[PDB]
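Any value given below was found using the heavy atoms of this structure, including those in side chains, with hydrogens, waters and symmetry copies removed. For reference, positions follow the sequence shown, starting with 1.
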Amino acid sequence: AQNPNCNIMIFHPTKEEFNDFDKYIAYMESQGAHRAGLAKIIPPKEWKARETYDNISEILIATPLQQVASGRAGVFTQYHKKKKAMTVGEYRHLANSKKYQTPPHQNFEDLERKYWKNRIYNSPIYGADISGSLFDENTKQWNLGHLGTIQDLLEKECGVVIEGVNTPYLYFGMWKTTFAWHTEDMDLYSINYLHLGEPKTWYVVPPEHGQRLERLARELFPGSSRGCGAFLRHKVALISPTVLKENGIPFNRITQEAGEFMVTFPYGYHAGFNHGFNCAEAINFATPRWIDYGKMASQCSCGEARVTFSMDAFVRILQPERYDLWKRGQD
Ligand SMILES: O=C(O)CNC(=O)C(=O)O
Ligand SMILES: [Mg+2]
Ligand code: NI
Ligand SMILES: [Zn+2]
């Protein structure tokens, strides 16, 4: 069995290996990369996502989200308070202001310490989930707006033709902006490219141990657990590495820098934070190996998780027993 300790693997494809996306994903899995839940892919030196970022400040963040925390430093939830629209230029200036800027630090480890110590005492503003792409249309390799669609994959594997579309999303971050513990919708893969700026630290639980994290989360967030049998789908709960280690939960960590891709694998729980002003692009995708995870994915039916149009068909075809209850949650 490849990668039996479920370590995060880092890949350095050549320019030739970077041509066929699906083939490279399947290669990484042949080496056991999925067992970690997360892999890093460093593009060949000849590749670029676009020519420059000199012209992005006019993008609009229509609904910036202020991430307000409740709890204790290692075990907290966050809620998103909607703020007035601002441009990326405005948001960058805000990120760099004395109130929001990254503090002086020695290295990534010192910064990680500071994040876990102090996160809850601040409310950083995240420009998340913005439909769009920063890949040049002429970038032919690993262009996250030109991937094969999940609808087409389900059609190829299962023969059924369904409605829905699959487009990328931009994320503008600042110091302390946080992504809560989650798997993807329908336990899909994700791919995330850090276009520019400061790093992003990731934490991940191997898919084979995801239920250990869920059981801890039910213990740590007992009201939430009574409200919903899949409350991590609400994407609000944080648990620190120290707390994970105290409770024997297997996990790994890695820091993504600008110019790097990360892939999350089906049912790989992940969480993390941004080091400073940055911009990432991400999208969900599927492979044939996903289909069995899609069929078994938990679902939030309490009404909180509220998701895209395209998840309807995935539930309807892969989980017909659950469909009626899940759709009641959506409506
Ligand atoms: O970058 C972020 O804030 C969160 N991204 C992801 O969870 C992902 O790419 O799957
Ligand atoms: Mg612009
Ligand atoms: Ni994710
Ligand atoms: Zn719910």
Side-chain angles (χ1 to χ4, degrees), residues 1-4 6-14 16-43 133 135 139-169 182-193 202 204-210 252 254 256 260-270 280-299 307-308 310-319:
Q2 298 267 230
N3 192 23
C6 299
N7 292 317
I8 300 167
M9 300 178 70
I10 305 161
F11 294 87
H12 288 85
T14 61
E16 298 75 20
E17 287 170 341
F18 218 51
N19 285 321
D20 183 337
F21 183 85
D22 289 347
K23 180 181 188 175
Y24 201 77
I25 301 302
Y27 170 73
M28 293 158 59
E29 295 185 356
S30 78
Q31 304 303 294
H34 58 295
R35 296 193 63 181
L38 184 66
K40 177 179 290 197
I41 307 93
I42 292 172
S133 186
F135 285 87
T139 298
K140 298 318 178 182
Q141 303 169 313
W142 289 54
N143 180 326
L144 299 189
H146 296 171
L147 304 180
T149 69
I150 297 157
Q151 297 75 21
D152 283 341
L153 179 288
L154 180 160
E155 177 184 332
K156 291 184 293 191
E157 291 300 299
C158 302
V160 72
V161 181
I162 54 171
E163 70 291 354
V165 298
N166 177 203
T167 57
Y169 296 87
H182 72 282
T183 63
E184 307 301 308
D185 286 347
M186 219 73 182
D187 298 342
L188 284 158
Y189 295 70
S190 67
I191 181 164
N192 182 302
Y193 184 68
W202 300 67
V204 59
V205 175
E208 74 201 62
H209 301 303
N252 281 301
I254 193 168
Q256 176 191 23
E260 306 181 334
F261 291 91
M262 307 298 297
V263 164
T264 81
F265 295 86
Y267 195 62
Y269 274 104
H270 54 284
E281 180 169 344
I283 197 177
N284 297 117
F285 73 91
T287 70
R289 193 176 67 79
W290 169 69
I291 294 278
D292 282 347
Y293 289 87
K295 292 175 176 163
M296 295 183 304
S298 68
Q299 304 298 354
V307 306
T308 186
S310 312
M311 230 195 95
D312 194 279
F314 304 157
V315 182
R316 196 169 71 247
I317 298 310
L318 299 179
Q319 311 180 308

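- With a 4.5 Å cut-off on side-chain heavy atoms, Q319 and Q299 count as touching.
- The two residues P266 and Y293 make their nearest non-hydrogen contact at CB-CG, 3.5 Å.
- Atoms NE2 and CG, on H182 and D187 in that order, are 10.5 Å from each other to the nearest 0.5 Å.
- The nearest pair of heavy atoms linking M9 to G32 is SD-C, 4.0 Å.
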Give every donor-acceptor pair under 3.5 Å between a side-chain atom in residues 152-169 and any protein atom, sequence neighbours left out.
{"unit_1": "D152", "atom_1": "OD2", "unit_2": "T149", "atom_2": "OG1", "d": "3.4"}
{"unit_1": "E163", "atom_1": "OE1", "unit_2": "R316", "atom_2": "NH2", "d": "3.0"}
{"unit_1": "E163", "atom_1": "OE2", "unit_2": "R316", "atom_2": "NH1", "d": "2.8"}
{"unit_1": "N166", "atom_1": "OD1", "unit_2": "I150", "atom_2": "N", "d": "3.2"}
{"unit_1": "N166", "atom_1": "ND2", "unit_2": "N284", "atom_2": "O", "d": "3.1"}

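- Among residues two or more places apart in sequence or in another chain, the side chain to side chain contact (heavy atoms under 4.5 Å, CB included) test is passed with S30 by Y27.
- Side chains of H34 and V263 form no contact here, defined as non-hydrogen atoms less than 4.5 Å apart.
- Under the rule for a side-chain hydrogen bond (donor to acceptor under 3.5 Å, both in side chains), the partners of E29 that lie at least two apart in sequence or sit in another chain are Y189, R289.
- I25 contributes atom CD1, which lies 6.0 Å from atom CZ of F265 (distance to the nearest 0.5 angstrom).
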Next item on the list: Could you walk me through whether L188 and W290 pass side-chain contact (heavy atoms from CB on, under 4.5 Å), step by step?
Entry: CA-CA 7 Å; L188 284 158; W290 169 69; 3.4 Å; yes

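- Aromatic pair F21/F285: centroids less than 6.0 angstrom apart.
- Contact annotation: the side chain of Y24 approaches that of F11 to within less than 4.5 Å [non-hydrogen atoms, C-beta and beyond].
- Atom OG1 of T264 and atom NE2 of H270 lie 4.0 Å apart (nearest 0.5 Å).
- Taking the side chain to side chain contact (heavy atoms under 4.5 Å, CB included) definition, one finds that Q2 meets it with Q31, sequence neighbours left out.
- In this structure, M262 and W202 have side chains that are in contact, with non-hydrogen atoms separated by less than 4.5 Å.
- For the residue pair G294 and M186, the shortest heavy atom distance occurs at O-CE, 3.3 Å.
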Item checked: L147 vs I191, side-chain contact (heavy atoms from CB on, under 4.5 Å): CA-CA, chis, key distance, verdict -> CA-CA 11 Å; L147 304 180; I191 181 164; 4.2 Å; yes

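- Of all heavy-atom pairs between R35 and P207, the closest is O-CD, 3.5 Å.
- Residue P13 comes nearest to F18 through the heavy atom pair CG-CD1, 3.5 Å, listed as atom of the first residue, atom of the second, then distance.
- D20 meets the side chain to side chain contact (heavy atoms under 4.5 Å, CB included) test with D22, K23; sequence neighbours excluded.
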Next item on the list: Given side-chain contact (heavy atoms from CB on, under 4.5 Å), test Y193 with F135 step by step and report yes or no.
Entry: CA-CA 10 Å; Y193 184 68; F135 285 87; 3.7 Å; yes

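- Judged as a side chain to side chain contact (heavy atoms under 4.5 Å, CB included), and not counting sequence neighbours, the contacts of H146 are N143.
- With hydrogens and angles disregarded, a donor-acceptor distance shorter than 3.5 Å links the side chain of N3 to the backbone of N7.
- Looking at heavy atoms from C-beta onward, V315 lies out of side-chain contact with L318 at the 4.5 angstrom threshold.
- Closest approach of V205 and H209 over heavy atoms only: CG1-O, 3.7 Å.
- Side-chain atoms of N192 and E281 include no donor-acceptor pair closer than 3.5 Å.
- Using a 4.5 Å heavy-atom cutoff, the side chains of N252 and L38 are not in contact.
- For the pair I42 and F261, the minimum side-chain heavy-atom distance is 4.5 Å or more.
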